[PDB]
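Q: Part one of the assembly, not moved from where it sits:
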Amino acid sequence: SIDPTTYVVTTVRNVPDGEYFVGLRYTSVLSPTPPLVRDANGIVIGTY
């Protein structure tokens, strides 16, 4: 939870006292390229 008036935050159970970091998230999308078929001379075949 986060108190709307004082901005105090309560963590999940069983965390001991100590030092911690606080920040924000981000995504790391990636997308390969589809394979291809290539004969001896390097020509592309079988696209369909």
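A: Nice, thanks for sending it over. Residues are numbered from 1 along each chain as shown, chains lettered A, B, ... in the order given.
Q: Mind telling me what element residue A:42 is part of?
A: Per DSSP states H and E: residue A:42 is located in neither a helix nor a strand.
Q: separation between it and residue A:36?
A: 11 Å (C-beta to C-beta, to the nearest Å). Quick note: C-beta positions are derived from backbone N, CA and C, even for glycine.
Q: what's the answer for residue A:45, then?
A: Counting by C-beta to C-beta, the gap from residue A:45 to residue A:36 is 9 Å.
Q: Let me know the outermost residue of chain A.
A: residue A:41 (40.0 Å; C-alpha atoms, centre = their mean).
Q: Now do the contacts for that one.
A: Not one residue lies near residue A:41 by C-beta atoms under 8 Å, 6 or more residues apart in numbering.
Q: Give me the phi and psi for it.
A: Here is the backbone geometry of residue A:41 (degrees, to the nearest 10): phi -80, psi 0.
Q: ok, back up a step: who has more neighbours out of residue A:42 and residue A:36?
A: For the pair residue A:42 and residue A:36, the greater number of neighbours falls to residue A:36 (9 against 6), based on other C-beta atoms under 10 Å.
Q: slot chain B in:
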Amino acid sequence: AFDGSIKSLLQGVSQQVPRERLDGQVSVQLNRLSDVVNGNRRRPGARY
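A: To build on what is shown above, here is chain B added in:
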């Protein structure tokens, strides 16, 4: 029977006999584009 594939279509028009034309040359092109990356497609329209 055998099969095959034309290497490419990105060298524009030519007028030599077929024995000597380089790879990629074609016989007739009109209102087309020799665009790379997108292929051999039609040209856009002219805006007033």
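Q: Show me what from chain A comes close to chain B.
A: For chain A, the residues in contact with chain B (C-beta under 8 Å from any C-beta of the partner chain) are A:43, A:44, A:45.
Q: mind running it again at 7 Å?
A: Listed as neighbours of chain B in chain A under the rule C-beta under 7 Å from any C-beta of the partner chain: A:43, A:45.
Q: in chain B, which residue is closest to the centre?
A: If you average the C-alpha coordinates of chain B and look for the closest C-alpha using C-alpha atoms, centre = their mean, you land on residue B:9, 3.6 Å from that point.
Q: if I pick that one, what's in contact with it?
A: Taking C-beta atoms under 7 Å, 6 or more residues apart in numbering or on different chains, we find residue B:9 in contact with B:24, B:26, B:40.
Q: To what extent is the first one buried, counted in neighbours?
A: Translated: residue B:24. A count of nearby residues for residue B:24, using other C-beta atoms under 10 Å in any protein chain shown, gives 14.
Q: quick one on the thing from earlier: Serialize the contacts of residue B:9 to CSV and add fields for distance to residue A:23 and secondary structure.
A: Formatted as CSV, the entries for those read as follows, by distance: C-beta to C-beta, whole Å; DSSP: H, G, I helix; E, B strand; the rest coil:
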residue, distance to residue A:23, secondary structure
B:24, 53, coil
B:26, 58, strand
B:40, 50, coil
